[PDB]
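Here the structure is laid out as structure tokens; the discussion comes afterwards.
What follows is calculated from the coordinates using simple rules that are stated; it is not laboratory data. Note: ideal-geometry Cβ built from the backbone for every residue, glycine included; neighbour counts use all protein chains shown.
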Amino acid sequence: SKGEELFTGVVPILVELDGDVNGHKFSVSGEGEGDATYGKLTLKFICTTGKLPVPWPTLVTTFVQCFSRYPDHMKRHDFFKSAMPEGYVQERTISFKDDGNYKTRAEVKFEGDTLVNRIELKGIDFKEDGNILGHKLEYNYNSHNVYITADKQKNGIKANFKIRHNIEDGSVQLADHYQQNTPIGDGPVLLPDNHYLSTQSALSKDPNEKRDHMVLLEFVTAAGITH
Ligand SMILES: [Mg+2]
Ligand SMILES: [Mg+2]
């Protein structure tokens, strides 16, 4: 199909987010590249407004699942690439257990040859000395499965998953994710059978970077269907 062919090589990525969490307003810019042939993403994010008022890991899922590797036998289930180049809206509610929530609305599409993720994020109901506003989360990331189901009435998909953020005391802060994707354009899109994205992420720091930032290396493979 047309949109999957846009991803057979290395594709430059731009991410731009504006956020307001409990009235703390901030912006982040990111750049990198994806190689969906290998399910591979490399991204660097910079807080352009100063210090990020929430922990970097809490934003990883919000900051391009079109770069997932869909095995050849699963290509007919790849909604994300099928919506390209016109793109898709991706919306989430992220519910931090015993704390606040983020609501995100993003548009993922090509601008020229560059894959862009533009996000508005709103966070409310956070506790002033909870794990988020209190910055009690370790700078690391666990592996998780993203469970995808079709949403035919919206010509799109939904997903549900649980992200676990490690707390500095050794405990875990659960972030329940509910997700909806809808295509922006008028091209045909693929409505998938149930499957999941097996996702692993590593966070690091650029030793030469003094702005508040995050480097992300992520690998994602679609799975759960055998033939
Ligand atoms: Mg291929
Ligand atoms: Mg731990």
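Does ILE94 count as closer than 13 Å to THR62 by Cβ, surrounded by 20 or more Cβ atoms within 10 Å (Cβ to Cβ) and in contact with an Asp or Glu (Cβ under 8 Å, 6 or more places away or on another chain)? Considered against the rule, which asks whether it is closer than 13 Å to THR62 by Cβ, surrounded by 20 or more Cβ atoms within 10 Å (Cβ to Cβ) and in contact with an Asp or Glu (Cβ under 8 Å, 6 or more places away or on another chain), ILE94 comes out as yes. Out of everything in segment 1-48 that is among the hydroxyl-bearing types (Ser, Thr, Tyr) and not in a loop (DSSP other than H, G, I, E, B), what residue ends up being nearest to ligand 1 (Cβ to nearest atom)? Taking the candidates together, the pick is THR37. Pairs, please: C-beta under 6 Å, at least 6 apart or cross-chain, first residue over 12 Å from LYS2 (Cα atoms) and in segment 69-96, second within 16 Å of ligand 2 (Cβ to nearest atom) and assigned to a strand (DSSP E or B)? Final answer for the pair search is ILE94/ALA175; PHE96/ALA175. Flag: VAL89 matches the condition of being among the β-branched types (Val, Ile, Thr), surrounded by fewer than 18 Cβ atoms within 10 Å (Cβ to Cβ) and under 15 Å from the mean Cα position of the chain (by Cα).
Of the strands (runs of 3 or more DSSP E) contained entirely in segment 120-227, those carrying at least 1 residues that are within 16 Å of ligand 1 (Cβ to nearest atom) and closer than 30 Å to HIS73 by Cβ fall at 213-223. Can you confirm whether segment 51-73 contains a residue that is away from ligand 1 (no atom under 16 Å from the Cβ), touching a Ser or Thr at 6+ places or on another chain (Cβ under 8 Å) and more than 16 Å from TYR178 (Cβ to Cβ)? Yes, that holds for at least one residue.
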